[PDB]
Amino acid sequence: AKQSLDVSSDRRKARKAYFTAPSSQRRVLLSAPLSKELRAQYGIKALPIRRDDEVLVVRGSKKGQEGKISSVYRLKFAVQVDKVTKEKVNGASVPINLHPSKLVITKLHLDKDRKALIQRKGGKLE
Amino acid sequence: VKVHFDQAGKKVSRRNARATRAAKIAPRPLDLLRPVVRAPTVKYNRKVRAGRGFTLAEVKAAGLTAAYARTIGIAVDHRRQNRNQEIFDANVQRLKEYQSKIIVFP
Amino acid sequence: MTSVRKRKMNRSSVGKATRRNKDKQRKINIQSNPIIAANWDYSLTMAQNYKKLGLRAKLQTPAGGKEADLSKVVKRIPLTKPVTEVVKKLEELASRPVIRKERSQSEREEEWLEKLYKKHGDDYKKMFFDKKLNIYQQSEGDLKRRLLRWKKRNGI
Amino acid sequence: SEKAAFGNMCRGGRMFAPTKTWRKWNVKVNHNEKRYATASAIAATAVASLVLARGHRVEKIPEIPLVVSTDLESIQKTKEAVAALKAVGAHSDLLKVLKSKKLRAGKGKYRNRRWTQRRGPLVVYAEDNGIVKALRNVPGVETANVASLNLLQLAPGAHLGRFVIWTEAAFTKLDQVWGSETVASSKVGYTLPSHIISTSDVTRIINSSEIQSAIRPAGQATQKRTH
RNA sequence: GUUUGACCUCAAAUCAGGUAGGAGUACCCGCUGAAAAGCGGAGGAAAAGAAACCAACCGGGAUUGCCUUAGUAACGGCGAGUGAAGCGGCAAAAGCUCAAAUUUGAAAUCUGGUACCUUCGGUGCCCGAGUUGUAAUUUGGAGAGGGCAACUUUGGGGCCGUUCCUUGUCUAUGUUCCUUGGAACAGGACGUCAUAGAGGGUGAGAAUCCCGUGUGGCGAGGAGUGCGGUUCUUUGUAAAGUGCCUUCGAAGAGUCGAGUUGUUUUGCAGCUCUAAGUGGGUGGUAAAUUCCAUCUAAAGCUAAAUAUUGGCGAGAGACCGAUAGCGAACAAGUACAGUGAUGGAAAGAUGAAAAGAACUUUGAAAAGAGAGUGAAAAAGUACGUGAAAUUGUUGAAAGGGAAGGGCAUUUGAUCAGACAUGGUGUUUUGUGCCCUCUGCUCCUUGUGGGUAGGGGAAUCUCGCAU
RNA sequence: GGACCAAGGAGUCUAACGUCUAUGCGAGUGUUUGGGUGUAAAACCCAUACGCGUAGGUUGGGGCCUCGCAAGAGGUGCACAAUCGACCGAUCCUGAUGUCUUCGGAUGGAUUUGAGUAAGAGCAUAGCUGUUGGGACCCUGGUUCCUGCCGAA
RNA sequence: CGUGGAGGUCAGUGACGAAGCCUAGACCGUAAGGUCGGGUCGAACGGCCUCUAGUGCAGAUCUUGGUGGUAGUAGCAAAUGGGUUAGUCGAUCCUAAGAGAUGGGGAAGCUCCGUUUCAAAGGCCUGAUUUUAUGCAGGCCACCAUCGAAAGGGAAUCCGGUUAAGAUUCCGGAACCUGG
RNA sequence: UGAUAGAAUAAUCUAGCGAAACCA
RNA sequence: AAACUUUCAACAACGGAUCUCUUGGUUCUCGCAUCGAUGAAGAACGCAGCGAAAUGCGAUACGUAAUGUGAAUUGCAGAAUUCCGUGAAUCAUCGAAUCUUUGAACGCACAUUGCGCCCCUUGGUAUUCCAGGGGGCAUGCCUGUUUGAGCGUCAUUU
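Here the residues of each chain are numbered from 1 in the order the sequence is written, which can differ from the numbering of the entry; residues without coordinates are not included. Note on labels: chains are lettered from A, ligands numbered from 1, in written order. Consider the displayed chains a part of a larger assembly; each reported value belongs to this part rather than to the entire assembly. Side-chain descriptors were evaluated using all non-hydrogen atoms of the structure, hydrogens and water having been removed beforehand. Residues with missing side-chain atoms are left out of burial classes, side-chain pairs and their counts.

Visitor: I keep staring at the overall build of chain D and nothing clicks. Help me out?
Guide: By the criteria applied, helices consist of DSSP H or I runs no shorter than four residues and strands consist of E runs no shorter than two, each listed in order from the N terminus. Scanning chain D from N- to C-terminus turns up nine helices and six strands. The C-alpha atoms of chain D give a radius of gyration of 25 Å, which is well past the 17 Å a tight globule of 227 residues would have. Structurally, chain D occupies a C-alpha span of about 80 × 70 × 45 Å along its principal axes. Atoms counted for the radius of gyration: C-alpha only. Globule rule: 2.2 Å times the number of residues to the power 0.38.

Visitor: What is the right way to read the overall build of chain C from this model?
Guide: If you tally the helices and strands in chain C, you get seven helices and zero strands. Overall, chain C is about 90 × 85 × 25 Å in size when its C-alpha atoms are taken along their principal axes.

Visitor: Can you help me understand the pairing of strand β6 (residues 93-98) of chain A in this one?
Guide: Strand residues, when the strand is regular, have side chains that alternate between the two faces of the sheet. Residues and elements named next belong to chain A. Here five bridges tie strand β5 (residues 78-87) to β6, and the two strands are oriented antiparallel to one another. Along β6, the bridge assignment pairs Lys86 with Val94. As consecutive antiparallel partners, β5 and β6 are separated by five residues, and within that stretch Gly91 has a phi angle of approximately 110 degrees, a positive value. For two strands to be treated as a pair, DSSP must find at least two bridges joining them.

Visitor: Teacher, can you tell me more about the sheet that holds strand β1 (residues 66-68) of chain D here?
Guide: In any sheet, the strands associate via hydrogen bonds between backbone groups, in a parallel or an antiparallel arrangement. All names here are of chain D. Pairing is parallel across the open sheet formed by four strands, whose spatial order is β1-β6-β4-β5. Both outer strands of the open sheet, β1 and β5 (142-145), are each paired with one neighbouring strand and no more. Taken pair by pair, the neighbouring strands of this sheet meet at an average axis angle of 25 degrees, ignoring direction. Relative to strand β6 (residues 164-167), strand β4 (residues 122-125) runs parallel, the two being bridged by three bridges. If you follow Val123 over to β6, its bridge partner there is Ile165. The contact definition used throughout considers only heavy atoms, calling two residues in contact when any of these lie within 4.5 Å. The axes used here are C-alpha line fits, helices contributing only the stretch in contact, and every angle between their N-to-C directions lies in the interval 0 to 180 degrees. Of the strands in this sheet, β1, β4 and β6 touch helix α7 (residues 168-178), which is tilted by about 90 degrees from β6.

Visitor: Quick question: what am I supposed to make of the pairing of strand β3 (residues 54-57) of chain A here?
Guide: Residues and elements named next belong to chain A. In the sheet, β3 pairs with strand β4 (residues 66-73) via three bridges, with the strands oriented antiparallel. Across the sheet, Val55 pairs through a bridge with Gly67, a residue of β4. Here β3 pairs with strand β7 (residues 103-107) via four bridges, running antiparallel. Across the sheet, residue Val55 finds its bridge partner in β7, namely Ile105.

Visitor: Is there a simple way to explain the arrangement of the chains in this structure?
Guide: When the three pairs of chains in contact are ranked by number of contacts, first place goes to chains B and C. Separated throughout, chain A and chain D approach each other most closely at a C-alpha pair spaced 6 Å apart. Kept free of each other, chain B and chain D leave a smallest C-alpha distance of 7 Å between them.

Visitor: Is there a simple way to explain unusual backbone geometry in this structure?
Guide: A negative phi holds for most residues other than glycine; trans holds for most peptide bonds. Residues and elements named next belong to chain D. Backbone torsion omega between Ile64 and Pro65 reads -10 degrees, so that peptide bond is classified as cis. Residue position: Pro65 is located in the loop between α2 (49-54) and β1. Phi angles above zero are rare outside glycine, and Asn112 is one such case at about 65 degrees. Looking at where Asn112 falls in the secondary structure, it is placed in the loop between β2 (102-103) and β3 (115-116). Its identity is not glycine, yet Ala158 carries a phi of approximately 55 degrees, on the positive side. Mapping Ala158 onto the fold places it in the loop between α6 (151-154) and β6.

Visitor: Where do I start with the interface of chain B and chain C in this structure?
Guide: Counting residues at the interface gives nine residues for chain B, matched by eight residues for chain C. Looking at the side of chain B that touches chain C, its residues break down into eight nonpolar, no polar and one charged. Note that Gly is not counted as nonpolar here; it falls among the polar residues with everything else outside the nonpolar set of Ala, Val, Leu, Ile, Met, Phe, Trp, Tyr, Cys and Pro and the charged set of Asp, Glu, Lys and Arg.

Visitor: How should I be thinking about the environment of D:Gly7 in this particular structure?
Guide: Residues and elements named next belong to chain D. Along the chain, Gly7 falls in the segment before α1 (31-47). For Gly7 and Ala53, which are 46 residues apart along the polypeptide, the C-alpha to C-alpha distance reads 51 Å. Residue contacts for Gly7: discarding those within four places in its chain leaves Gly13 and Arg14.

Visitor: Help me understand the sheet that holds β3(A), please; the structure alone is not making it clear to me.
Guide: All names here are of chain A. Strand order in the open sheet formed by five strands is β6-β5-β4-β3-β7, with antiparallel pairing between adjacent strands. Here the strands that pair on one side only, and so sit at the sheet edges, are β6 and β7. Sheet twist, expressed as the average angle between the axes of neighbouring strands with direction ignored, equals 55 degrees. In this structure, β4 lies alongside β5, joined through four bridges in antiparallel fashion. From the neighbouring strand, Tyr73 faces β5, where its bridge partner is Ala78.

Visitor: Looking at this structure, how should I read helix α7 (residues 142-153) of chain C?
Guide: Because each turn of an α-helix spans 3.6 residues, side chains separated by three or four positions in sequence point in the same direction. The span you would expect from a helix comes to 1.5 Å times its residue count less one. Here α7(C) spans 16 Å end to end across 12 residues, near enough to the 16 Å set by a 1.5 Å rise per residue. Taken from the residues just after α7(C), C:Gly155 is the one with a positive phi, measuring 80 degrees.

Visitor: Would you take a moment to explain the environment of D:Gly140 for this structure?
Guide: Take D:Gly140: it is sitting in the loop between α5 (131-134) and β5. Dropping the residues within four chain positions of it, D:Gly140 is found in contact with D:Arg118, D:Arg119, D:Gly120 and D:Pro121.

On their own, these measurements won't tell you what the molecule is for.
Set out below in C-alpha cells:
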C-alpha cells in the first residue's frame, strides 16, 4: 500500500488531479500497451501514444478493428483513430473517441525523441 | 477553551527534533553533563536531583577550566555554591567518570 | 479554503507552488563523521543505534522505561518454601596524532637573537641590561626561552 | 462552524447543538484491565472452536495454536511466504478474505473508506527478518511483535479468537512477555490473573460422582399435568 | 590688521548614497477603553530571559511552556464568589556585551570617493568622521600590571566530495477461455506478480489495461561551511591559555527612596521632595546596644522548548451529501437592494459516446406529425430517478343544495388458488461401489478412508434401474 | 391553532459535587504531563514524582455441628441491633507530690460527647441517574416511535 | 421498533437489476413495524453481535419550496443600431464674500490658531573690478502659496447651404484675434 | 417611436391580460 | 336523460420530495515564513480570428524571450513539422523583458484631461523658431560632498 507520506490516497484529491490535468501530463496518462510482438521487438510494455502510429482495438463495441490514429483528442482524454466512425443519418462521419487503455499499439511511428525514449526506458531498439 | 489534539503529533515532532539535533551532534549526547544536586525544602531535602551546573571551584577540583569544560559538554553554573561535602565529592567522582569515558578529536 | 486568496489561487492559471516534505523529514543524514555515517542504519533509532554503537545517547536518567528487550529468562523467587568496534575505531582516530608543525621563529627576531648571541655570548645579566638590540627590554628568561628555541633550531 | 434565520427549525439558520470539539474522544482505561482483556484474547486464540465461532477457514490446519519454525521470519519475499501458508493450510482462510472484498454500503465509501473485507491470519514473530514486508502485500494477514500484541488485531469487533499463527521463537517468548508461575512477568508488577472457578465445566461438576451422591432424586424433567 | 584665517552654528543644493509610509493582521507587544471596539508596532514567532531571584532547607540557581501545587493560600456587603505562588516531575536548555582607572613609545578606529582585483567583498590612494574618544584589553565568576617556571595552541584560502534545497528520468505481473451485457472492469475456469492487493481513470466491483503504488537506480541546477579529503599558502619577537609569586585592583542619580493624586490589586503613572559608598536591595532571626542569610538595581543582546480561526503548502476525518455542509459544490460576495455605510440570494446530475433528432410535411412563428439515433427518449439540451399537495381526459359509481369513518354482510368488478401427482409390499429382467478372486494408496492405526484389474448374478444377496 | 402538501424543525454538549450498578486491583490504587517504542494521532513498554485513601460481657441472630424418625433439644454463632462495660478527647469539680508566689496537675468524681479506639476499604474506569452553572429543550406557545408494568396528589 | 455512520461477521445480496418510487397484490407482527409479489428504475445495498449520534413531527400565526380555492373574480400603468466635429460659444485666466498650505505657536492627541503674520521666504544689472597671475567681486530691487463666478471682469466670426437625428463647431464664401 | 385593443361619433359590450385579502 | 358535483381507477399534467453520486465545504494534524517608493494590495481601461462571465495579460496586451518535453490545438476557422527536428502545444517550467490610467502615489495643481521646469536625442531652411521621441523633478530622516551666511567665538606688528 501507500508507504510514502508524500503520496496521498484521497479520492477527492485524486479526481481533482485527474480532471484538471495539464496536457503534458495527459499524454503521459494517454498511454497504450504495446503488442506481444512489439514487446518482443523492444522489450517494453506500454508507451505514451501519439497520432502518427498504428493501433488495434481490443475492447468495446468496435472490438477487433484497427487503424492509424487520426488525431489525439487530449482535452477529452481520448483519441480519434481513423476509419472507426459512426455514420450519421445525414451521411456524414464522426469518429468514435477511443481510449488508449483499451487500445493495443501495432505499428509504432519511430522518431529520434521516440528512439531516445525507448533507449532511456531500457528498450532493446533495433 | 483549548484541547491538546496534537499531543500525539507534537511528541513525534519532538522526537524528530531529538532525531534532527542528534544528526548534527552525531557523536555527542544531546544533553550536557549536569550535576547531581540535593534538593531544598524539607519535604524534598532527602531527594537528590539533577542540577544546572557544577561551579568553578569544583571543575578546578576536577582538574580543568570551565571555559574548556563548556567545550567538553559539562554544564557549569557560577551562581550556585557548594556547601555540602558529599554532594561536592560525588559530583567530583561524576566529573572524573565523565572524563574517563570521553575521547576527544583534535 | 474559503479565504478569497485561496479560492483565487485555486481558480488561477498559475498552479500551486507545491512541495512535498513529509516523507523526507523522518529520514535524516548524520552529516558529521563518515564513520558514524557508515554505521548509521536509518532503521533502529537514535537511541537503539547509539546503543549499538556503544556511545551513551542521553547522559542521565531517562524518563520512562527503556527496552529491557528480553535478553534473559527471569525465574520466580521461591521465597524459601518449606520442604565497541566503532568505539575502537573512533578511539584510534582520537588516539591518532595529527601531523603537527613546530612553531618556528621569525627571521628578523632570530637574527636579533643571533646578534645577541655574538654580542654577549650566553650570559643573561649582561644582555638584560643591554640597551642596543634589547630595546624592547625583554624579560629575563624570555631571553633564555627564545635563545634555547633558536639554538635547538640552529647552532646547537 | 462557530457562528456559521437564526433558528434550528429555520432553513439556513444555526442548528440546534452546534457540534463542538471538546466532546470527549479518547477514553481512559485502567492498565491492568487493558492487559486483562489482552490476556483473555490470547487465551481465547488457542481454543479454535472460538476461531470457527468467529468465522475462519481453519478446518484443515495441523494443530492449535499453530506454531511454525522461526525460519518463517527469515522469508523476505511475498510468494514464498504465501506458499508457506499454503503448506500450513491457512489457504482457505486467505481465499475467504480475498473473495470477501466488498464495497462499503455507507456514504463513507466516498469518505476514503471505500472497500471492506474480512480479516485473516495473524502472524506473531519474535523478531523481524523481512517477514513483515513479505506479508504486507497479501490481504487479511497482519503481523505483530510479541511485545505489542494489539487487542484490535487480537479480537476484532470485540469477538474473541482471531486465527493466530505463531513463530517458534515467539511462542517461547510469550513466557517472557506475560510470565508464568515460573517465569516472572517482564512487566513491572504484573501477574497473570487468577480464576474464581477452577474447573471450566459446570456440568462435569454436577454430574461428577459426589454431588450425584449428595443429591435427592429428580423429577420427570417436565411436569405431569394433573387435573 | 578697516586685512586675513581658524573654528562653531545655521542655511542651501534637480549633489551622491540610503531609508520611512501602505496592505494584511490568526498568533505577539504596547496605549486607550465601554456597554469588546479602537489605536500603534513587529516577526515567523513575538515577548521574556541570564537574579538588586527563590528560599530558610542536607538549600536551589537565566527565561519559556506542560503536569502537580490547587480550587489551596490569600481576597471578597469574607456575599455573589474571586483566585495565586515557592517547591517537585518533565520538555527545552546557552550564555554573553557595554559603561569605571592612559596606547600615550606615536587613533593603533571607521564611513565615503577613486584605481584595480578573485566582488554579500578585498587592496591601494585620497577626502573626511573622530581625542567633547573611534580601536585592542577588562564586566566580579573579577580583572589588570609585571616576574618566574614551564608547557600548550595557532590563521587564511581554494578545489572535489558530502549535507541541504529545487527538479528530471528509469525501475513488476493476463487484457488467457466461457456466459451475461450496448459496453466486462460482472460471474465461472485457468493463471502470473508482489518490499507493488494505496488511490484514480478506462462505456458497470480492474493487483495483474493505463497512470501510479512499492523497491531501489541514474541524473540536472542551485544553497552552503555543516564536516571529509586533497591542494595552495600562511611568523610577526604574533596571539592566547594554566599554575606560583609581586604590585594594584575604578562602575548605571531626578535614579534609590518619601509624600500625595489617579489607576490597578501590589505595581504603574503624574506632581512635589529627593540620597549612600566596608554602599545598597530583600528576607527570616533573637537568650536581644541581635546575629545570620541572599543578590547587586537604576545600560544591552541572546537560540530552543511556546502561541498561531492569517499566508504558503501538505496529509487526514466513526464530519455534511445540494433546505446539509462556507453566504457561495454553479460566471458568489455574484445577480440584486440601498444615496451610502452596508445587506445579500436562488441556482449540481442528458447520454458510454451528442450518436443532440438527416429527410418529408403542417406550421407567421411558437409548436407539431411522420421518420430516425440511442441499450434506454418509460434519457430530447424543459433533460438521472421522478413522491405528495393540486390539474385534465376517459371509465365506473353516487348525488341532487349530497359531510366523513367504525362494525357486519351481500351485490358488482377483480385477484390468488399444485410446475402436486406419491408411498408400501410383491414380481420380471438388467446394471453397479452386489458377489468372488487379484491389488494399490492416506493416516486420525480403528468399530477406519479412498481406489484399480479381471470374473460372475449360473445360485444367493444389497442398492439402483426396469 | 389551523388552505393543502413535501423536506427541515425543538432535553445537546461540558464542568463540579452525589447515589446506584458493573469491572480491575486492594490498604493500596491511579500507564498515556512526559519518555521509550511503533506496521505511526492506534497499539506496546515505563523512570521519578504527584493525586486520593490507609496507617470486653450479656441478649439475640444468617447459618453450621451434634442428638433427635420427625417434631424439637443442645452447642458454636456472620452481618447488624440493644444493654452493661472499658479507654481516649472534651466537659465541670477534687487541687496532692511538689511548690521561685503563682506554677503545677496527682487522685477521685460527674454527665453527655464522638461517621472516636476496641483489627481497615479504598482508588481508578465505564454506564445510568440527582443538584448547580455555562445560551443549556426550542421560539406565552410548541416540544418528534410502540408495547408492558407500577402509578398519586 | 425505526434512522445516519463505525468495528466484526454472513467467502450476505446485486446490471439475468442494488437503492428508491408506485402498488383498489399477498403475508407476518398487539403495535412500533417487517417480508414477498408486480410495475418503474438504473448502481449500489442488506441480516446478525456490538459502538456511536446532528436518531423518529401534525401542529410551534415554525423555516423554505410547491400547489389550491378565492376567480377568469377584482380590475385594466395594481408587473410587463446610429447620432454631439470650435483659435473666434463656454470652461480654462482674474478677483468677490469667503476658503486655505507654508513660517511659527498651542494641543496627551484626532488636529486647532493664523494668512503676510516676530522667517536667511528670490531675480535683475555690471565686470582685463588689475593684478597675486588656475578659487566671486561691485551693486539694484522690495510683497508674499493656492483655491473661490458655465449669470461679475474678459482677444477674436458672420451670412448662405446641409442631416432620419448635428452645427456661430461640418461644407462654400467672406472676415477678424493672438504669438513668432 | 410609443402606447390594452375592437365597437358604441372621437360620450355600454366583446376580446385580451389578469390579482390580492382571506381560507379547523 | 344529459350538464354539473363527489369518489375511485387508468393515462396524461404539475411539482421537485426520495434514492445514488460530488473538482464542495467542515474540522484536526504536520511543515514552512514569503507583500511595499526596484512602486504593494485595491480600483479603472483595454488586449482572443470569431468571447459574455471565469482565468490570463498590458499597446510586445488570453501574451514576448528563456529552459524542458516532444506533436499538437479543438466549438468553428487556420497554420503546420521539411519529421528524425533548434520544434506545434490554451503544454510544463520560468530565473530575461514589456507592463495602459490610478492607487502609500510622488513636478505643482486638479470640478481643469490646467500649468509646468530640467536633461538627452532627431528632424523641420535651423545660430534664434517650431515639431517629434525619451528620461527625470513629492515629503521627512540619516551620512557624506559642494556652496553660502552669522554683530557666535577667537587670532592677526617675525
